[PDB]
Every structure is written in C-alpha cells, then in structure tokens.
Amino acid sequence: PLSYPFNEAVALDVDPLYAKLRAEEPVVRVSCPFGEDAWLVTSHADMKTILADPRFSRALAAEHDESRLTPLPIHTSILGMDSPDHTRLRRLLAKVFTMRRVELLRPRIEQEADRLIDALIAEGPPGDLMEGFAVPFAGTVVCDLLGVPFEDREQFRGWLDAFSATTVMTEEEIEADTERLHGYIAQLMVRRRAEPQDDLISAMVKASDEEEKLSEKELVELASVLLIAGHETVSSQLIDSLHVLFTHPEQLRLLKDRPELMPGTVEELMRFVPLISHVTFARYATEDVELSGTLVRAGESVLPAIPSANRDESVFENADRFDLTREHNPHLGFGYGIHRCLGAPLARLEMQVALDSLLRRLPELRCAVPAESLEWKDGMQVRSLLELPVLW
C-alpha cells in the first residue's frame, strides 16, 4: 500500500493527489507512519459516513494499534469514545459549555482583540500577527473560559506540541510532556475544586462531583483537549486565515467594504484553509461498509482527510477557489455527527471578532514579506505559520 502521507504538507498547498483520488479512486489503502494500515478516505460524502455513521467507531481504536501519524495514540478524551461513555462527557460539557456562557464572553473577547491591537500599534510595524495577535488572542480567550491561568503559558505552552507532533518528537518526549500537562491540569483541579471560579474547569468539577460523575483522570484529559483546541487549533486556523486573506487581496478588499459578509467569510475560511495537515483521528469499521467502490471490512480503519472533503468539487462549486461569498457551504471543518466540534460557536465568535477588529483598526494591513519567505510549523497535525510579519 502507498505510504501515507504521500508528501509533507507545504504551507497551505494541497497535495494534488487528493483531487486525483477524489476523481479516480476516492478510497485507497495506505500504510501509516505508526500503527496499522488504513483506508484513506477523500470525498465529502464518504467523510460524512465515517464521521457520523454509527458503523464507524473511535473507541475501537483502543483495541488496535491505531492507524495514526503520531508516534503514540493521542489521549483524545471525549473524541476517543463511543456511546455511552461519549454521551456522558458530551452531556457534561454541553450543560456547562452553554451558548449563554459563550455570548457572555463576547465583550471580553472583543476587549482582548482591541488590547492586542493597541499593543501592535504602540510597538509600531512590522508586527507579527502570530505571536503578537493570534496566539495571545486564542490563548487568553481559552484561558479565560477554561480557568487555566494565562500567566502559566510559559510553563504549559511547551507541552502542547506533544498532542500534535508527528515527525518532530520522540515517544519519550511526547510521554513526558503529556504527563506534564495532565499533572499541571490535575493540580489546577485541586485548587478549582476548593475555590470555584467562573470557568469551565470549576463547572466541570462541580457538575462531575455532584451528578455526572467522571473520574479525575477523565476530567483532566477532557480539560486538556479543551486547552489544546482553544489554544492551538484556534490560533492555527486564525493565522492561516489571515494568510489566505493576504494572498487573496481582492476578497480582503471585498470583506472590508461589505462587513456583513464576515459570517460567510468565517465559514469559507473553515472550508478552504486546509487546516488539518493530513487526516483527523482514525475510525474503525464495526461492520463491512462500501465507500466509493471500496469494501472496508469490519476491524479495518479509515483516515478522514477532512480538508480533501472540503475541496470536493461534487459538493462545492469551484471548490479550489477561496470565495467568501459562498452561500452553499456544508464544510466539515468543524467535523460532523457525533463528534462534531463542541467549541464551534466559540471558535466562530473568536474568528469573527479577530478579523473584524484587525480590519477595522488596521485598514491598510498587509503581509510584510513575499509568501515565499514565510516560515511554517512543520511536523504537526495542523498547519500554522511561525510568524506572519505585517505592515499597516
């Protein structure tokens, strides 16, 4: 079977093999960097099936040497569970991670974007939209929400890569950093149990201790993935989105003159940005399933190449084109079905506030270097810039 990934992900370029696979062989057998061989799934319709059809399981992966790009299986907490365990954690989170809580964060989120832009301006151009905006914006928001002290970022931020690194960390470094993060969250939970604050960890501990009993370890592992999602996924998506906007200056001009397009713009960025470097987490078939002419037998794994589903020309017209006016946008950038992104309302809020504020306050914002000089973060499960120098 083809060794997969076929090629290292470069900048935001999509490997042209996905288009060929989608056209000529949408499901193909591959060998993975780690774990068992798998079926690479490339089309939008098959993506929905393996993500939402109950014939495909995440919890089954623990009964295998899970097909994966990471040296060790990731502690994916809720995202590694099936019903009923999944239902138990999803209910817990939905009860404390309410829409009211999110919209109550809006003024704090807006204020953080304005404060970050005040700093960029006071420091003068060129500024770095990654370490000077996307990272601390995403970080302060998730830290505010979760109850992780943003002041501890110096400690915990260097452990987060352990949850995402493919080629650039050893088993031993991943295991050590995973233990460091879990143990840091566990100490936080002791404080938050005794001294609850208005944050998710306190609410989760209270709800778990009182009704929806979770083990300490389950609580730790769930708070940990919430930290990763808010800190890393959000800042990665945001900085990649700014890159897309800078490299499509015509759409950036359109957005600035019709701000009511921002909701559809965020959705189009979710679709178009190939944020996931290759695939999200493998599922395993519990029964035989045919996908685009390929029989996937029970016990075999499928790799969901979500970014390729989001370039499916049979679902999105001119799927290879970034078009922030796109109206039909059933993208899978926030997943689909049972494991669809619980944080999507918040991520959409953050995206909209960040882009609106930047475009509002920095009218002539533009990249300070040619796209060729940019340094990307390689060897992770998502794509991101290390620096995005800008003028204004």
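Residue indices: 1-based, along the sequence shown.
Chemist: If you average the Cα B factors in the entry, which is higher, 110 to 118 or 86 to 94?
Modeler: Taking the mean C-alpha B-factor of 86 to 94 and of 110 to 118, the larger value falls to 86 to 94.
Chemist: Mean Cα B factor from the PDB record: higher for 135 to 143, or higher for 308 to 316?
Modeler: It is 308 to 316 that shows the higher mean C-alpha B-factor.
Chemist: Using the entry's values, work out which of 230, 73, 274, 263 has the largest Cα B factor.
Modeler: Each of 230, 73, 274, 263 was compared by C-alpha B-factor; the highest is 263.
Chemist: Looking at 337, 333, 54, 33, which has the biggest Cα B factor in the entry?
Modeler: In this record, 54 carries the highest C-alpha B-factor of the candidates.
Chemist: Give the position of residue 288 by CA B-factor within its chain, expressed as the lowest, middle or highest third.
Modeler: Its C-alpha B-factor belongs to the highest third of this chain's values.
Chemist: Lowest, middle or highest third: which one holds residue 348 when the chain's residues are ordered by CA B-factor from the entry?
Modeler: Its C-alpha B-factor, which the entry lists for residue 348, ranks in the lowest third among residues of this chain.
Chemist: Among all modelled residues of this chain, ranked by Cα B factor, put residue 47 in the bottom, middle or top third, i.e. lowest, middle or highest.
Modeler: It falls in the bottom third of the chain.
Chemist: Of the three thirds of its chain by CA temperature factor, lowest, middle or highest, which one includes residue 205?
Modeler: Ranked within chain, residue 205 CA B lands in the highest tercile.
Chemist: When the deposited Cα B-factors of this chain's modelled residues are ordered and cut into thirds, is residue 382 in the lowest, the middle or the highest one?
Modeler: Lowest third - that is where residue 382 ends up once the chain's C-alpha B-factors are sorted.
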